[PDB]
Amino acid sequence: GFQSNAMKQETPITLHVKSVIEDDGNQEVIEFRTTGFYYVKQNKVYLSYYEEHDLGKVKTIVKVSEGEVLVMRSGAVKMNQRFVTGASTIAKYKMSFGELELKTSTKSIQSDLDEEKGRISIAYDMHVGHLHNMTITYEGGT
């Protein structure tokens, strides 16, 4: 019943999330580090952690499948961002005071994941309508 019951190989991890972004002439590299958990449900890998937004705490669950990654944010930002290689998806970016649809066009996804270390790399374009290369890496421990 509870999703916690189906969690296998739960492992505390240290995470590093790095994005290279280009937007109408501007270039930025943004990265963050925090701790969290690696686990498996129904033979798919999940990463769970929290991140900080200006408006407060966000809970983030990353679900990795063949050819697709789902990043579920909740709390100060609510968005289920669905990365599908070679396709575009739309999702609501919702805050306490309103919402806006964002379109995600994914070019490529690479993942290599286990309970000791892993990497997910996603190249994608965003817009309200912005080139992004996001790499999530983690190591088991602390």
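When you see a residue number, it is the position in the sequence shown, counting from 1.
Unmodelled residues of the deposited sequence between neighbouring positions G129 and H130 number 4 to 9. Looking at 57-65 and 24-32 together, the entry lists the larger mean B-factor for 24-32, computed on C-alpha atoms. Stretches 112-120 and 81-89 differ in mean CA B factor, with 112-120 having the higher one. Among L47, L70, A76, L100, the highest C-alpha B-factor in the deposited entry belongs to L100.
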